[PDB]
$ cat final_32.tsv   # TSV, N, CA and C atoms
chain	number	residue	atom	x	y	z
A	1	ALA	N	18.31	-10.97	-25.22
A	1	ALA	CA	18.72	-10.06	-26.30
A	1	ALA	C	19.22	-10.78	-27.55
A	2	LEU	N	18.69	-10.38	-28.69
A	2	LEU	CA	19.32	-10.69	-29.97
A	2	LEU	C	19.93	-9.56	-30.76
A	3	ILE	N	21.17	-9.74	-31.16
A	3	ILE	CA	21.81	-8.80	-32.09
A	3	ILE	C	21.92	-9.41	-33.48
A	4	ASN	N	21.53	-8.56	-34.52
A	4	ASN	CA	21.53	-9.13	-35.86
A	4	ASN	C	22.43	-8.41	-36.82
A	5	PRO	N	23.36	-9.07	-37.41
A	5	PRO	CA	24.34	-8.55	-38.34
A	5	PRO	C	23.87	-8.83	-39.71
A	6	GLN	N	23.91	-7.86	-40.62
A	6	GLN	CA	24.43	-6.56	-40.46
A	6	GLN	C	23.62	-5.47	-39.81
A	7	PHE	N	22.28	-5.64	-39.36
A	7	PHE	CA	21.83	-4.57	-38.70
A	7	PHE	C	22.14	-4.79	-37.27
A	8	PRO	N	23.10	-4.24	-36.78
A	8	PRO	CA	23.48	-4.41	-35.42
A	8	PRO	C	22.80	-3.36	-34.53
A	9	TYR	N	22.50	-3.76	-33.32
A	9	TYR	CA	22.03	-2.88	-32.27
A	9	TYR	C	23.15	-2.01	-31.87
A	10	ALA	N	22.89	-0.44	-31.74
A	10	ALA	CA	23.84	0.43	-31.60
A	10	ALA	C	24.60	-0.11	-30.45
A	11	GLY	N	25.84	0.17	-30.33
A	11	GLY	CA	26.64	-0.32	-29.22
A	11	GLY	C	26.52	0.53	-28.03
A	12	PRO	N	25.55	1.18	-27.76
A	12	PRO	CA	25.33	2.07	-26.67
A	12	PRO	C	24.30	2.93	-27.11
A	13	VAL	N	23.67	3.68	-26.16
A	13	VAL	CA	22.99	5.02	-26.25
A	13	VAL	C	24.23	5.88	-26.10
A	14	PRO	N	24.44	6.72	-27.12
A	14	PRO	CA	25.63	7.55	-27.18
A	14	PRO	C	25.41	9.01	-26.69
A	15	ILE	N	26.42	9.78	-26.98
A	15	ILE	CA	26.64	11.12	-26.54
A	15	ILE	C	25.81	12.20	-26.92
A	16	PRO	N	24.78	12.05	-27.70
A	16	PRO	CA	23.77	12.90	-28.26
A	16	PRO	C	22.64	12.94	-27.26
A	17	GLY	N	22.71	12.33	-26.18
A	17	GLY	CA	21.60	12.45	-25.22
A	17	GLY	C	21.41	13.89	-24.64
A	18	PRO	N	20.13	14.30	-24.40
A	18	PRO	CA	19.72	15.66	-23.90
A	18	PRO	C	19.55	15.62	-22.42
A	19	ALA	N	20.62	16.29	-21.70
A	19	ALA	CA	20.57	16.31	-20.24
A	19	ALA	C	19.50	17.34	-19.98
A	20	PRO	N	18.43	16.97	-19.40
A	20	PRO	CA	17.31	17.89	-19.24
A	20	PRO	C	17.24	18.76	-18.03
A	21	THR	N	18.00	18.41	-17.06
A	21	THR	CA	17.83	19.15	-15.81
A	21	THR	C	18.99	18.90	-14.96
A	22	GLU	N	19.22	19.83	-13.77
A	22	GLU	CA	20.13	19.58	-12.83
A	22	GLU	C	19.42	19.33	-11.49
A	23	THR	N	18.13	19.24	-11.55
A	23	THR	CA	17.25	18.98	-10.40
A	23	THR	C	17.40	17.56	-9.98
A	24	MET	N	18.32	17.35	-9.20
A	24	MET	CA	18.72	16.06	-8.76
A	24	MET	C	18.82	15.97	-7.50
A	25	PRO	N	18.51	17.27	-6.74
A	25	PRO	CA	18.90	17.37	-5.33
A	25	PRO	C	17.73	17.27	-4.40
A	26	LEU	N	17.99	16.46	-3.47
A	26	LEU	CA	17.04	16.25	-2.37
A	26	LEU	C	17.68	17.04	-1.24
A	27	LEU	N	16.94	18.02	-0.84
A	27	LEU	CA	17.55	18.84	0.27
A	27	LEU	C	17.27	18.10	1.59
A	28	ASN	N	18.33	17.74	2.35
A	28	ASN	CA	18.22	17.11	3.64
A	28	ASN	C	17.29	17.90	4.49
A	29	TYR	N	16.55	17.18	5.26
A	29	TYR	CA	15.54	17.76	6.12
A	29	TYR	C	16.15	18.00	7.46
A	30	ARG	N	16.01	19.15	8.02
A	30	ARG	CA	16.55	19.34	9.37
A	30	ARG	C	15.32	19.68	10.25
A	31	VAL	N	15.05	19.02	11.43
A	31	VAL	CA	13.83	19.38	12.20
A	31	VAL	C	13.93	19.09	13.70
A	32	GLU	N	13.19	19.76	14.53
A	32	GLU	CA	13.13	19.53	16.00
A	32	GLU	C	11.66	19.24	16.36
A	33	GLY	N	11.39	18.12	16.94
A	33	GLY	CA	9.98	17.72	17.15
A	33	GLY	C	9.71	17.43	18.60
A	34	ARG	N	8.69	18.13	19.11
A	34	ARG	CA	8.32	18.13	20.53
A	34	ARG	C	6.82	17.79	20.74
A	35	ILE	N	6.57	16.66	21.39
A	35	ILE	CA	5.14	16.21	21.67
A	35	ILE	C	4.96	16.22	23.20
A	36	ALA	N	4.75	17.45	23.76
A	36	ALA	CA	4.76	17.61	25.27
A	36	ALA	C	3.76	18.01	26.18
A	37	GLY	N	2.55	17.85	25.98
A	37	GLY	CA	1.29	18.13	26.59
A	37	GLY	C	1.34	17.41	27.94
A	38	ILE	N	0.77	18.00	28.92
A	38	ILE	CA	0.68	17.42	30.25
A	38	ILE	C	-0.12	16.10	30.14
A	39	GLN	N	0.39	15.07	30.76
A	39	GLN	CA	-0.33	13.76	30.75
A	39	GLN	C	-1.07	13.58	32.02
A	40	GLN	N	-2.32	13.31	32.26
A	40	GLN	CA	-2.91	12.96	33.58
A	40	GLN	C	-3.02	11.48	33.82
A	41	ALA	N	-2.61	11.03	34.93
A	41	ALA	CA	-2.59	9.53	35.19
A	41	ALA	C	-3.92	8.91	35.24
A	42	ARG	N	-4.72	8.77	34.42
A	42	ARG	CA	-5.99	8.01	34.54
A	42	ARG	C	-6.79	8.13	33.27
A	43	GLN	N	-7.62	7.19	33.00
A	43	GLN	CA	-8.57	7.13	31.84
A	43	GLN	C	-9.84	6.60	32.37
A	44	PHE	N	-10.95	7.00	31.93
A	44	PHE	CA	-12.14	6.38	32.43
A	44	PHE	C	-12.64	5.30	31.55
A	45	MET	N	-13.13	4.16	32.01
A	45	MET	CA	-13.77	3.12	31.15
A	45	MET	C	-15.03	2.73	31.74
A	46	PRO	N	-16.04	1.94	31.14
A	46	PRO	CA	-16.98	1.32	31.62
A	46	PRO	C	-16.43	0.21	32.42
A	47	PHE	N	-15.81	-0.65	32.08
A	47	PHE	CA	-15.22	-1.68	32.86
A	47	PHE	C	-14.00	-2.19	32.40
A	48	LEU	N	-12.97	-2.27	33.13
A	48	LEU	CA	-11.76	-2.94	32.75
A	48	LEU	C	-11.47	-3.99	33.77
A	49	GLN	N	-10.65	-5.15	33.66
A	49	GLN	CA	-10.34	-6.03	34.48
A	49	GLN	C	-11.38	-6.90	35.19
A	50	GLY	N	-12.58	-6.90	34.87
A	50	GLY	CA	-13.56	-7.78	35.56
A	50	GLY	C	-13.80	-9.07	34.84
A	51	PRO	N	-13.97	-10.17	35.55
A	51	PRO	CA	-14.29	-11.46	34.96
A	51	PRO	C	-15.66	-11.91	35.45
A	52	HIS	N	-16.64	-11.33	34.83
A	52	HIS	CA	-18.02	-11.37	35.26
A	52	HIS	C	-18.59	-12.77	35.38
A	53	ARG	N	-19.47	-12.95	36.34
A	53	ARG	CA	-20.04	-14.29	36.51
A	53	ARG	C	-21.06	-14.59	35.41
A	54	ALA	N	-20.94	-15.74	34.77
A	54	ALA	CA	-21.88	-16.19	33.73
A	54	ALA	C	-23.07	-16.88	34.42
A	55	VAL	N	-22.81	-17.47	35.52
A	55	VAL	CA	-23.90	-18.07	36.35
A	55	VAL	C	-23.34	-18.06	37.69
A	56	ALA	N	-24.07	-17.81	38.70
A	56	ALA	CA	-23.51	-17.99	40.01
A	56	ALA	C	-23.98	-19.36	40.50
A	57	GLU	N	-23.47	-19.78	41.61
A	57	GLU	CA	-23.95	-20.98	42.23
A	57	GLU	C	-25.09	-20.49	43.06
A	58	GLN	N	-25.79	-21.41	43.56
A	58	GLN	CA	-26.82	-21.05	44.57
A	58	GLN	C	-26.06	-20.81	45.89
A	59	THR	N	-26.36	-19.90	46.68
A	59	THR	CA	-25.75	-19.48	47.95
A	59	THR	C	-26.80	-19.38	49.05
A	60	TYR	N	-26.40	-19.52	50.31
A	60	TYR	CA	-27.38	-19.53	51.43
A	60	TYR	C	-26.85	-19.18	52.75
A	61	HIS	N	-27.59	-18.88	53.79
A	61	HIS	CA	-27.34	-18.68	55.19
A	61	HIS	C	-28.07	-19.81	55.93
A	62	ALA	N	-27.91	-19.95	57.25
A	62	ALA	CA	-28.47	-21.04	58.01
A	62	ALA	C	-28.91	-20.70	59.44
A	63	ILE	N	-29.96	-21.36	59.85
A	63	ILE	CA	-30.54	-21.21	61.17
A	63	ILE	C	-31.21	-22.45	61.70
A	64	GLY	N	-31.28	-22.72	62.94
A	64	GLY	CA	-32.06	-23.70	63.53
A	64	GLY	C	-32.55	-23.34	64.74
A	65	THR	N	-33.41	-23.55	65.39
A	65	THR	CA	-33.72	-23.41	66.67
A	65	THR	C	-34.83	-23.99	67.29
A	66	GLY	N	-34.79	-24.49	68.46
A	66	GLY	CA	-35.96	-24.96	69.11
A	66	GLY	C	-35.86	-25.63	70.24
A	67	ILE	N	-36.74	-26.60	70.85
A	67	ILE	CA	-36.47	-27.44	71.79
A	67	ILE	C	-36.92	-28.86	71.53
A	68	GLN	N	-36.83	-29.73	72.34
A	68	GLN	CA	-37.17	-31.16	72.28
A	68	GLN	C	-38.44	-31.34	73.05
A	69	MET	N	-39.53	-31.40	72.43
A	69	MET	CA	-40.81	-31.57	73.12
A	69	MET	C	-41.63	-32.60	72.47
A	70	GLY	N	-42.45	-33.37	73.14
A	70	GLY	CA	-43.34	-34.40	72.52
A	70	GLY	C	-44.62	-34.97	73.21
A	71	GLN	N	-45.63	-35.30	72.45
A	71	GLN	CA	-46.91	-35.92	72.97
A	71	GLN	C	-46.80	-37.36	72.39
A	72	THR	N	-46.92	-38.41	73.21
A	72	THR	CA	-46.75	-39.84	72.73
A	72	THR	C	-47.88	-40.71	73.25
A	73	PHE	N	-48.14	-41.73	72.47
A	73	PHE	CA	-49.11	-42.86	72.60
A	73	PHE	C	-48.19	-44.11	72.29
A	74	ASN	N	-48.32	-45.14	73.20
A	74	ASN	CA	-47.59	-46.40	73.26
A	74	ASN	C	-48.54	-47.62	72.95
A	75	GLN	N	-47.83	-48.64	72.44
A	75	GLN	CA	-48.52	-49.98	72.17
A	75	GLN	C	-48.77	-50.62	73.60
A	76	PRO	N	-49.85	-51.32	73.60
A	76	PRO	CA	-50.33	-52.04	74.72
A	76	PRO	C	-49.30	-53.20	74.97
A	77	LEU	N	-49.50	-53.57	76.34
A	77	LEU	CA	-48.74	-54.79	76.74
A	77	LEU	C	-49.21	-56.09	76.06
A	78	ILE	N	-48.48	-57.07	75.78
A	78	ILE	CA	-48.86	-58.33	75.15
A	78	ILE	C	-48.29	-59.49	75.89
A	79	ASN	N	-48.99	-60.67	75.74
A	79	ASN	CA	-48.40	-61.92	76.36
A	79	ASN	C	-47.08	-62.24	75.72
A	80	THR	N	-46.10	-62.58	76.52
A	80	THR	CA	-44.81	-63.00	75.99
A	80	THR	C	-44.85	-64.45	75.60
A	81	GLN	N	-44.49	-64.71	74.38
A	81	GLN	CA	-44.45	-66.02	73.76
A	81	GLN	C	-43.56	-67.03	74.48
A	82	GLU	N	-42.29	-66.92	74.26
A	82	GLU	CA	-41.32	-67.93	74.64
A	82	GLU	C	-40.22	-67.28	75.43
A	83	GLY	N	-39.31	-68.10	75.88
A	83	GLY	CA	-38.11	-67.65	76.59
A	83	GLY	C	-38.36	-67.62	78.09
B	1	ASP	N	-0.06	6.16	-3.02
B	1	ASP	CA	0.92	5.09	-2.87
B	1	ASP	C	2.36	5.55	-3.06
B	2	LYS	N	2.55	6.60	-3.85
B	2	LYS	CA	3.88	7.17	-4.09
B	2	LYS	C	3.74	8.69	-4.05
B	3	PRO	N	3.63	9.26	-2.84
B	3	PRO	CA	3.48	10.71	-2.62
B	3	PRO	C	4.54	11.53	-3.33
B	4	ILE	N	4.14	12.69	-3.85
B	4	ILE	CA	5.09	13.58	-4.53
B	4	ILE	C	5.99	14.08	-3.40
B	5	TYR	N	7.29	13.90	-3.56
B	5	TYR	CA	8.23	14.32	-2.52
B	5	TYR	C	9.54	14.79	-3.15
B	6	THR	N	9.67	16.11	-3.33
B	6	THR	CA	10.89	16.66	-3.90
B	6	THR	C	11.97	16.28	-2.89
B	7	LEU	N	13.19	16.09	-3.38
B	7	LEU	CA	14.33	15.67	-2.58
B	7	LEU	C	14.44	14.16	-2.77
B	8	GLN	N	13.46	13.61	-3.48
B	8	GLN	CA	13.43	12.18	-3.79
B	8	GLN	C	13.66	12.08	-5.30
B	9	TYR	N	13.29	13.15	-6.01
B	9	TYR	CA	13.46	13.21	-7.46
B	9	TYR	C	13.30	14.61	-8.03
B	10	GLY	N	14.12	15.54	-7.55
B	10	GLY	CA	14.08	16.90	-8.04
B	10	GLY	C	12.73	17.57	-7.88
B	11	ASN	N	12.65	18.83	-8.29
B	11	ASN	CA	11.42	19.59	-8.19
B	11	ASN	C	10.36	18.96	-9.09
B	12	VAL	N	9.11	18.96	-8.61
B	12	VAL	CA	8.02	18.41	-9.40
B	12	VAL	C	7.00	19.51	-9.50
B	13	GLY	N	6.22	19.49	-10.58
B	13	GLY	CA	5.20	20.50	-10.73
B	13	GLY	C	3.90	19.93	-11.28
B	14	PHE	N	2.79	20.59	-10.97
B	14	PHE	CA	1.51	20.15	-11.50
B	14	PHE	C	1.33	21.07	-12.70
B	15	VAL	N	0.99	20.50	-13.85
B	15	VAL	CA	0.88	21.29	-15.06
B	15	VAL	C	-0.49	21.35	-15.74
B	16	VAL	N	-0.86	22.54	-16.19
B	16	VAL	CA	-2.09	22.72	-16.95
B	16	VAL	C	-1.75	23.58	-18.16
B	17	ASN	N	-2.05	23.08	-19.35
B	17	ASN	CA	-1.82	23.85	-20.57
B	17	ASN	C	-3.22	24.19	-21.05
B	18	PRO	N	-3.65	25.44	-20.81
B	18	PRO	CA	-4.98	25.91	-21.20
B	18	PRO	C	-5.20	26.22	-22.67
B	19	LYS	N	-6.38	25.87	-23.17
B	19	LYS	CA	-6.74	26.12	-24.56
B	19	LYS	C	-7.38	27.50	-24.66
B	20	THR	N	-8.06	27.91	-23.60
B	20	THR	CA	-8.72	29.21	-23.55
B	20	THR	C	-8.52	29.82	-22.17
B	21	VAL	N	-8.24	31.11	-22.14
B	21	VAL	CA	-8.01	31.80	-20.88
B	21	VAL	C	-8.77	33.12	-20.82
B	22	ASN	N	-9.80	33.17	-19.98
B	22	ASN	CA	-10.61	34.36	-19.81
B	22	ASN	C	-9.94	35.30	-18.81
B	23	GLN	N	-10.48	36.51	-18.71
B	23	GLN	CA	-9.95	37.51	-17.78
B	23	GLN	C	-10.16	37.03	-16.35
B	24	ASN	N	-9.16	37.23	-15.51
B	24	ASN	CA	-9.22	36.83	-14.10
B	24	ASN	C	-9.20	35.31	-13.92
B	25	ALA	N	-8.54	34.62	-14.84
B	25	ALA	CA	-8.44	33.16	-14.77
B	25	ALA	C	-7.41	32.79	-13.71
B	26	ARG	N	-7.62	31.66	-13.05
B	26	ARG	CA	-6.69	31.21	-12.03
B	26	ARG	C	-6.91	29.75	-11.68
B	27	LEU	N	-5.89	29.12	-11.10
B	27	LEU	CA	-6.00	27.73	-10.68
B	27	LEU	C	-6.02	27.72	-9.17
B	28	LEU	N	-7.06	27.10	-8.61
B	28	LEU	CA	-7.18	26.98	-7.17
B	28	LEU	C	-6.65	25.59	-6.88
B	29	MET	N	-5.54	25.53	-6.16
B	29	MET	CA	-4.88	24.28	-5.82
B	29	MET	C	-5.21	23.78	-4.43
B	30	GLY	N	-5.55	22.50	-4.33
B	30	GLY	CA	-5.84	21.91	-3.04
B	30	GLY	C	-4.89	20.74	-2.83
B	31	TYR	N	-4.20	20.72	-1.70
B	31	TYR	CA	-3.26	19.64	-1.41
B	31	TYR	C	-3.59	18.89	-0.14
B	32	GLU	N	-3.23	17.61	-0.17
B	32	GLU	CA	-3.40	16.69	0.93
B	32	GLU	C	-1.95	16.22	1.15
B	33	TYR	N	-1.39	16.37	2.35
B	33	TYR	CA	0.01	15.97	2.53
B	33	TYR	C	0.39	15.59	3.95
B	34	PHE	N	1.56	14.95	4.08
B	34	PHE	CA	2.12	14.56	5.37
B	34	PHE	C	3.39	15.40	5.51
B	35	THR	N	3.68	15.83	6.73
B	35	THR	CA	4.92	16.57	7.00
B	35	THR	C	5.27	16.35	8.46
B	36	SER	N	6.56	16.48	8.79
B	36	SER	CA	6.98	16.29	10.18
B	36	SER	C	6.62	17.47	11.07
B	37	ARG	N	8.66	16.29	12.06
B	37	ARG	CA	9.69	17.03	12.83
B	37	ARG	C	10.22	16.07	13.86
B	38	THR	N	11.38	16.35	14.38
B	38	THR	CA	11.98	15.43	15.31
B	38	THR	C	11.26	15.40	16.60
B	39	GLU	N	11.30	14.12	17.11
B	39	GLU	CA	10.67	13.95	18.38
B	39	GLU	C	11.65	14.07	19.59
B	40	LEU	N	11.46	14.86	20.60
B	40	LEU	CA	12.20	14.94	21.88
B	40	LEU	C	11.42	14.19	22.95
B	41	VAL	N	12.15	13.76	23.99
B	41	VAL	CA	11.49	12.98	25.03
B	41	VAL	C	10.35	13.54	25.63
B	42	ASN	N	9.30	12.54	25.98
B	42	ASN	CA	7.96	13.04	26.40
B	42	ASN	C	7.74	13.58	27.77
B	43	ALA	N	7.01	14.58	28.04
B	43	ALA	CA	6.76	15.17	29.39
B	43	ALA	C	5.41	14.67	29.91
B	44	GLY	N	5.12	14.96	31.19
B	44	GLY	CA	3.79	14.72	31.69
B	44	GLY	C	3.56	14.10	32.82
B	45	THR	N	4.65	13.64	33.46
B	45	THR	CA	4.64	13.04	34.71
B	45	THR	C	4.00	13.36	35.75
B	46	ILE	N	3.28	13.27	36.65
B	46	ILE	CA	2.60	13.84	37.76
B	46	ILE	C	3.09	13.18	39.06
B	47	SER	N	3.82	14.00	39.75
B	47	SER	CA	4.46	13.52	40.96
B	47	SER	C	3.33	12.85	41.68
B	48	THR	N	2.74	13.75	42.17
B	48	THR	CA	1.53	13.40	42.99
B	48	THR	C	0.26	13.85	42.32

$ encode --input "final_32.tsv" --output "structure tokens"
Amino acid sequence: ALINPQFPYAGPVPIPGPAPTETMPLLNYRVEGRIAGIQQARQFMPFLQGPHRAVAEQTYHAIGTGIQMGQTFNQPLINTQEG
Amino acid sequence: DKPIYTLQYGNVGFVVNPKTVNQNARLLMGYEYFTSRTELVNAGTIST
């Protein structure tokens, strides 16, 4: 702010002001609020809580069976070298 | 951003100063607003 003498800035907005209204009042709000609809315990989703496999491992079962059977052919006898 | 809300700054009014007024003239006012009420504890429990 600058004040300049001799033209000085009025020393106030004075008493000639026009009170325009008495509408100043905010009427307090008084209220009762009830949000009470029956609630049912459940919601349907496509899927909740699953941690789906991105790849599975290979998996398997097992079997064996049979017996011990055989047809054989042997090497001929040979002269013994030494000993 | 700053909803008109009397009780925050006295009564407020929407104003129209007409240049011409024909017979049966009127202003059709449309408002969009928010309004309450107090909340009481929630119901809905299902025993079984």

$ closest_atom_pairs --input "final_32.tsv" --of "chain A" --to "range 22-43 of chain B" --cutoff "9 Å" --atoms "only C-alpha atoms" --output "JSON lines"
{"residue": "A:29", "atom": "CA", "partner": "B:37", "partner_atom": "CA", "distance": 8.9}
{"residue": "A:30", "atom": "CA", "partner": "B:37", "partner_atom": "CA", "distance": 8.0}
{"residue": "A:31", "atom": "CA", "partner": "B:37", "partner_atom": "CA", "distance": 4.8}
{"residue": "A:32", "atom": "CA", "partner": "B:38", "partner_atom": "CA", "distance": 4.3}
{"residue": "A:33", "atom": "CA", "partner": "B:38", "partner_atom": "CA", "distance": 3.6}
{"residue": "A:34", "atom": "CA", "partner": "B:40", "partner_atom": "CA", "distance": 5.2}
{"residue": "A:35", "atom": "CA", "partner": "B:42", "partner_atom": "CA", "distance": 6.4}
{"residue": "A:36", "atom": "CA", "partner": "B:43", "partner_atom": "CA", "distance": 5.2}
{"residue": "A:37", "atom": "CA", "partner": "B:43", "partner_atom": "CA", "distance": 6.8}
{"residue": "A:38", "atom": "CA", "partner": "B:43", "partner_atom": "CA", "distance": 6.5}
{"residue": "A:39", "atom": "CA", "partner": "B:43", "partner_atom": "CA", "distance": 7.4}

$ atom_distance --input "final_32.tsv" --atom1 "CA of residue 8 in chain B" --atom2 "atom C of residue 21 in chain A"
14.2 Å

$ closest_residue --input "final_32.tsv" --among "B:20, B:6, B:14, B:47" --to "chain A" --atoms "all atoms listed in the file"
B:6

$ residues_around --input "final_32.tsv" --residues "residue 9 in chain B" --least-positions-apart "6" --cutoff "9 Å" --atoms "only C-alpha atoms" --output "MDAnalysis selection string"
chainID A and resid 23:26

$ atom_distance --input "final_32.tsv" --atom1 "CA of residue 18 in chain A" --atom2 "CA of residue 12 in chain B"
18.8 Å

$ atom_distance --input "final_32.tsv" --atom1 "CA of residue 3 in chain A" --atom2 "CA of residue 15 in chain A"
21.2 Å

$ closest_residue --input "final_32.tsv" --among "A:27, A:56, A:13, A:77" --to "chain B" --atoms "all atoms listed in the file"
A:27

$ closest_residue --input "final_32.tsv" --among "A:7, A:12, A:42, A:83" --to "chain B" --atoms "only C-alpha atoms"
A:42
